[PDB]
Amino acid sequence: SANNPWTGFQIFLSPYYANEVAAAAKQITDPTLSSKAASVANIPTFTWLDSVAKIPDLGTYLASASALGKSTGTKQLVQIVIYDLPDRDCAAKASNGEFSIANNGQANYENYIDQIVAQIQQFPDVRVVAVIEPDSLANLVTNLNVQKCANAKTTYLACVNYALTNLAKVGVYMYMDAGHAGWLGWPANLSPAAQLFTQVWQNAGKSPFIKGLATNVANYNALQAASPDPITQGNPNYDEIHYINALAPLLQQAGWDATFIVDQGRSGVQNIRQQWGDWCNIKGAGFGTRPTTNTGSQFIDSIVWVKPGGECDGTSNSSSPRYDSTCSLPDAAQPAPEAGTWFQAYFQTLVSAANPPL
């Protein structure tokens, strides 16, 4: 639409990922691959606020971005993910988080949001774009038979509402997470999904800062597939552009001028999964299309890298409390460490298999 949040801004490069990448590139023995790997630190990614312990880091990023903008004559933009719901990751085991509904989860989450707002309020010269709670709403469309998700539904909706309402007050541009084509893109799931997204947008007051939806976060689907991946049989919406073209008009029918962002950070290699539901550390993945606002679709504000490639999706160790068997499937890279920690061998393959090449 008329206001694309990225136009006219320079994106602040994540210091957290830059440090991971710098350490990783030194451990790659091939000298040519090492140089290509190091260049990944110059590609903008989203930084995840996956624990309340990271909120002070956010303050440092905003302050560094503000100084860089003043120094270089530019306006700076910081990309973050809000990812700390109580009873997080309700349909899986690998990314369970620090808060639980049973122990004051909603009140803890409201305090987490309040602390984030308090940091952002101090640096009004820096633009913030936020992805809100990957997986949460998609789980409430298709996974209400999962008891953990059913019991979390009212808390999830209240927490997401608190985030949207309060981040809007400090001018954050927000994209709510909307799954991916293999999850909500099935034709039969589009209407229930649209109804839920529009209800959340209405409850938060229809703020213009709620720009739209994010798709493919931490997944592997193509934006525009040359030919359908065989895992997609039965679903006419076999890539993200088909999903978005089918969903966007329904959000229009409700009065929401919604636009989209699409993760392509791990989408460079297609046709590598045995089943569409295999999400964990998929073997052979490569870095995909680099972030750009030249998207080819009226509905898409930007291609982005939301999930930082190299940070693990979940452990293959069956003795961990966060063991999910999806992470030990034949198409999952193993052995794998805990979700969120660095997975060096996976990063090296992402670099080697990048398409387009680095």
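Rigid core (definition): largest C-alpha set, two forms, superposition within 1.5 Å. All residue numbers refer to positions in the sequence shown, first residue = 1.
- Between stretches 225-233 and 87-95, the one whose Cα atoms sit farther from the displayed model in 5 other deposited structures of this protein on average is 87-95 (core-aligned, root mean square).
- Taking the rigid core as the alignment reference, the C-alpha atoms of 96-104 lie farther on average from the displayed form in 5 other deposited structures of this protein than those of the other stretch among 96-104 and 78-86.
- Mean CA temperature factor is higher for 116-124 when stretches 116-124 and 215-223 are set side by side in the entry.
- Remark: stretch with higher mean C-alpha B factor among 163-171 and 225-233 is 225-233.
- Among 110, 257, 240, 263, the highest C-alpha B-factor in the deposited entry belongs to 257.
- Comparing C-alpha B-factors across 179, 86, 288, 284 in the deposited entry, the largest value falls on 284.
- Among the modelled residues of its chain, residue 105 has a C-alpha B-factor that falls in the middle third according to the deposited record.
- For residue 323, the recorded CA temperature factor ranks within the highest third of the chain's modelled residues.
- Remark: residue 331 belongs to the highest third of its chain, ranked by C-alpha B-factor as recorded.
- Placement of the Cα temperature factor of residue 298 within the chain: highest third of the modelled residues, per the deposited record.
- Split the chain's modelled residues into thirds by C-alpha temperature factor. Residue 313 is in the lowest one.
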